[PDB]
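Take a look at this single chain, the form deposited without its partner chain, given in structure tokens.
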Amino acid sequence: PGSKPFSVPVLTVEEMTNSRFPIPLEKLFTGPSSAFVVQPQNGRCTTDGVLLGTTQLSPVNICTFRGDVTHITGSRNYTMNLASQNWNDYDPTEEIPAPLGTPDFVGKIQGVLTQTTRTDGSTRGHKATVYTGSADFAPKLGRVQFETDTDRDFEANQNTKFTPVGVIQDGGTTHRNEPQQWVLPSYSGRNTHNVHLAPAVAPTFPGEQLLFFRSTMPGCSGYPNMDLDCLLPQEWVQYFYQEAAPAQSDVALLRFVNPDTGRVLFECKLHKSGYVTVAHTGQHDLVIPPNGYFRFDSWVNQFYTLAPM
């Protein structure tokens, strides 16, 4: 009784960042999710500040890789032997699904591989794509592959970084049918089982749906599905981690306030395990004031009936 008061940050949606790719939030979206399994590994944190899945604290590290590269002779493809984010040896023994910040969806992520030669500080950068559905995508084992626009310029045994930019669609897939944001990679490669996953989430209360914090990933070629939904803004992960306020019940009731009127636009349930539901049926793009924000009002239970959104 009397525990440290819980709160959420006073940040608007547009002031916040996607927790699944290093891009700003744009909007709030709700829709039915019974046809997919919602089990992202980035953007996962309890309200009392326990990080889950592959979640880490800074959004700039999400979907980045570091290590050194080995050329696949006769191609423009390179295997990256992963390092830790601070360039130390990779330690696969941590009880996590994959290195923190590893992509948590199946898709073709395009970006740039950069490299510095230690002895003389010479540098180079080339377009690179990682397909996280590849049979050899195995970040948990310390290995990922990149397709590039070169077969000669990258040196072995030198620090190399991948910076993500966006996603592509190619190879005869149907328009907007890749990436597949709710399909988890096999982090140790094809036909191995993932471990230490953050659990799937779903609305269980009748008339409720998940509320998603949505961005549009940049597209770099083709006709990709650029929608990217996270369960928590990255800033909420950062805040809960720092505050570590105890949950007094299973659900924190939040009101979304419009400062231009002083009135509540909608209310929602922030579940203590780190996701949000609203009372709505159907797909809906929320129309919010750009200065709107969430405010924690009270601890309720999972059996609380929300005002329809």
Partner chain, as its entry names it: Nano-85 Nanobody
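Residue numbers count along the first chain shown, from 1. Shifts are known only where both forms have a C-alpha. If you superpose the two forms and keep the largest set of C-alpha atoms that fall within 1.5 Å, you have the rigid core.
There is another form of this protein, the form solved in complex with its partner chain, and it is not shown here; the text below is about that form.
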Heavy atom to heavy atom, is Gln39 within 4.5 Å of its partner chain in the deposited bound form? no
Give, in sequence order, every residue of 203-234 that has a heavy atom within 4.5 Å of its partner chain in the deposited bound form, or say none if there are no such residues. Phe205
Would you please work out which stretches of at least three consecutive shared residues show Cα displacements of 2 Å or more throughout between the shown form and the other one, after fitting on the rigid core? 302-304
